[PDB]
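Next up: just one chain, as structure tokens, the form deposited without its partner chain.
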């Protein structure tokens, strides 16, 4: 729905453009198995990018970042070949991370702390030096784990996730994919909308570390609108809205839609407003912090 190829069958890399490209077809390529992931494989849902969709340069970059930082691949690339008209196809290739069996499933809360970036360092990097380098990493990761917070995930889900490990016997990307959904299902079902599994740690032997951000609230925005939606100032009122927010909707708490509803129940009861919204949105830090946004249109 905008933009064009590099003319023509040349294969462009991820750096270009101020406009929204359209993608004719998506390919998901597995480097080690030398196969392609079918559109019905459901391992294809690792990709949020669908054919015929429109995405800016910034959006395709977040996709590559999400695939790279999740821990299921030690190499994952995103390339594209410009197609004659008027779109370009993309190829997401990858190499599954190297895994063993796992008898322990650990969940650590990385909300508000620094995210794991793949950060692959220099190769060769000699024999005895590389062997020390892994020990360097792992000692850092044990530091990161104990640095981290408890998660909210209740035991039975650990019980289920553990079984799936015993059932496969060896960790693959396909299994982590199921685990991430099962863990994420629980958070969302219980009302935590902004919770996500941001990574899978392999650095501890026979142990899967699941890093989640539960959606910690870092910010509160009260925005008055009218009429048809432009922002306007609410002067002397703004404190009277804040008292109607529950304790769990303020900063230092995990966002749950239950608190948004009670906030909505509270603010409604004042009888001052025609239109009221409570929506979370990610703040600019990308560490999992949440902005609580409240949109209001007055009566008078």
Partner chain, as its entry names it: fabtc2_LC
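So that the term is clear: the rigid core is the largest set of C-alpha atoms that superpose within 1.5 Å between two forms. Positions refer to the first chain, counted from 1.
Between 240 to 248 and 48 to 56, the higher mean Cα B-factor belongs to 48 to 56. Averaged over their C-alpha atoms, the temperature factors of 252 to 260 and 33 to 41 are higher for 33 to 41. In this entry, the residue among 82, 177, 163, 196 with the greatest C-alpha B factor is 82. The entry assigns its greatest Cα B factor, within the set 189, 181, 167, 120, to 120. Per-chain ranking of the deposited C-alpha B factor places residue 265 in the lowest third.
Ranked by Cα temperature factor within the chain, residue 99 sits in the middle third according to the deposited record. In the deposited entry, the Cα temperature factor of residue 294 sits in the bottom third of values across the chain's modelled residues. Residue 132: CA B factor in the highest third of modelled residues in this chain (values from the PDB entry). When the CA B factors of the chain's modelled residues are split into thirds, the value for residue 210 lands in the middle one.
Quick note: we don't show the form deposited with its partner chain bound, though the next part is all about it.
Contact check for 172, 202 and 205: all three have a heavy atom within 4.5 Å of its partner chain in the bound PDB entry. Look at 186 to 194, 219 to 227, 154 to 162, 173 to 181: in the bound PDB entry, residues with non-hydrogen atoms within 4.5 angstroms of its partner chain sit in 173 to 181. The shortest heavy atom separation between residue 108 and its partner chain in the bound PDB entry exceeds 4.5 Å. For the chain shown alone, residue 287 is a contact residue for its partner chain in the bound PDB entry, at least one non-hydrogen atom being within 4.5 angstroms. The closest non-hydrogen atom of residue 167 lies beyond 4.5 Å of its partner chain in the bound PDB entry.
Contact check for residue 198: a non-hydrogen atom falls within 4.5 Å of its partner chain in the bound PDB entry. The residue among 138, 207, 181, 226 whose Cα moves by 2 angstroms or more between this form and the one not shown, once the core is superposed, is 226. After superposition on the rigid core, displacement of the C-alpha of residue 279 between this form and the one not shown stays below 2 Å. Core-superposed comparison between this form and the one not shown: the Cα of residue 195 travels less than 2 Å. In a rigid-core overlay of the protein, residue 162 has its C-alpha displaced by under 2 Å between this form and the one not shown. With a change of no less than 3 Å, the CA-CA distance between residue 117 and residue 161 is larger in the bound PDB entry than in the form shown.
In the bound PDB entry, the Cα atoms of residue 117 and residue 183 sit 3 Å or more farther from each other than they do here.
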